[PDB]
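Every chain is numbered from 1 and lettered A, B, ... according to where its sequence line falls, protein lines coming before strand lines. Whatever order the structure lists them in is the order used to number ligands and atoms, beginning at 1.
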Protein chains: 2
Amino acid sequence: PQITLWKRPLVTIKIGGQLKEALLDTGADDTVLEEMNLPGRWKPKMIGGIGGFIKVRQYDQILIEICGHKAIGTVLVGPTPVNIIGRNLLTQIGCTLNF
Amino acid sequence: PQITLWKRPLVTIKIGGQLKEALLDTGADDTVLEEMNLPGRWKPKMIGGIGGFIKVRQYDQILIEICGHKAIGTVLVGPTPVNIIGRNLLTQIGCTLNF
Ligand SMILES: CC(C)CN(C[C@@H](O)[C@H](Cc1ccccc1)NC(=O)O[C@H]1CO[C@H]2OCC[C@H]21)S(=O)(=O)c1ccc([C@@H](O)CO)cc1
């Protein structure tokens, strides 16, 4: 679809077999989701945002469906203010900015 | 134009008589610019993201040019690590997400 930006670009995602709402975030390199249970192995990592750095659990090669488009990539889990879909997955679903 | 997301969507902007590089950021409600000494009145504000909150100065009705597209709206000035063009101005230049 074509998404205008008068409202937050919030979409439904499916990850680990669960539905969630997430923000399509072109300013994020990486995808960061709020605390949740995910199967498989993870590794502790750090990520920085506008306010500083947080500790996250990095899950690699995770299947995630975004607004009906499939991606498989890295997902960071930690105390982010909101679920954000970053460019690592936005590229996989073919997302571009247009004006 | 059309901007793919393999790399950060950085564009040149013109604000307060200065040229700067800024992210086209669908994940930001507002526009947040690195510290600069703009004239006029402002209101204090706090905005939060990954890592917590930063203190910014809210200026209203600021003229900004984004890739030759003119806009006018609110800009928040503070210690952000990157210049962020948020949805309040992205709508004014006709920017959409497409996949
Ligand atoms: C977290 C989002 C919900 C919100 N943010 C926008 C995001 O695009 C942010 C931009 C960014 C990019 C580089 C450094 C710092 C910030 N990207 C980000 O944190 O990405 C993380 C994950 O991937 C990595 O790559 C870059 C960093 C890592 S915010 O700046 O904090 C923010 C908060 C409140 C407002 C108010 O106007 C109300 O919205 C406006 C903007």
A:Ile66 versus A:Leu24: any side-chain heavy-atom pair under 4.5 Å?
yes
Contact atoms of ligand 1, heavy-atom distance to [X] under 4.0 Å:
X       : answer
A:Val82 : 3 (C)
B:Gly49 : 31 (O)
A:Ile84 : 3 (C)
B:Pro81 : 14 (C), 15 (C)
B:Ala28 : 40 (C), 41 (C)
B:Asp30 : 36 (C), 37 (O), 38 (C)

Under 3.5 Å: donor-acceptor pair, side chain of B:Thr96, backbone of A:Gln2
no
So, is A:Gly27 polar-close to ligand 1, with some N/O to N/O distance under 3.5 Å?
yes
Looking only at N/O atoms, are A:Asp29 and ligand 1 under 3.5 Å apart anywhere?
yes
Could you tell me whether B:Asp25 approaches ligand 1 through its side chain, its backbone, both or neither, with non-hydrogen atoms closer than 4.0 Å?
side chain
Ligand 1-proximal atoms of A:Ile50, by part, heavy-atom distance under 4.0 Å:
both
Least distance between heavy atoms, [X] atom then [Y] atom:
X       : Y       : answer
B:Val77 : B:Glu34 : CG1-O, 3.7 Å
B:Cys95 : A:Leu97 : SG-CD2, 3.7 Å
B:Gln92 : B:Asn88 : NE2-O, 3.2 Å
A:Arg57 : A:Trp42 : CG-CE3, 3.4 Å

Is B:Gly86 in contact with ligand 1, taking contact as a heavy-atom separation below 4.0 Å?
no
With a cutoff of 4.0 Å, is B:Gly51 in contact with ligand 1, counting heavy atoms of the residue only?
no
For a side-chain hydrogen bond (donor to acceptor under 3.5 Å, both in side chains) check, start with the C-alpha distance between B:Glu21 and B:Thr12, then their side-chain angles and the critical distance, and finish with the verdict.
CA-CA 5 Å; B:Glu21 300 293 290; B:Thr12 303; 2.6 Å; yes
Any idea which protein heavy atom is nearest atom 34 (C) of ligand 1, and the distance to it?
B:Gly48 O, 3.4 Å
Give me the ring orientation class for B:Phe99 and A:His69: parallel if the planes are under 30° apart, tilted from 30 to 60°, perpendicular past 60°.
perpendicular
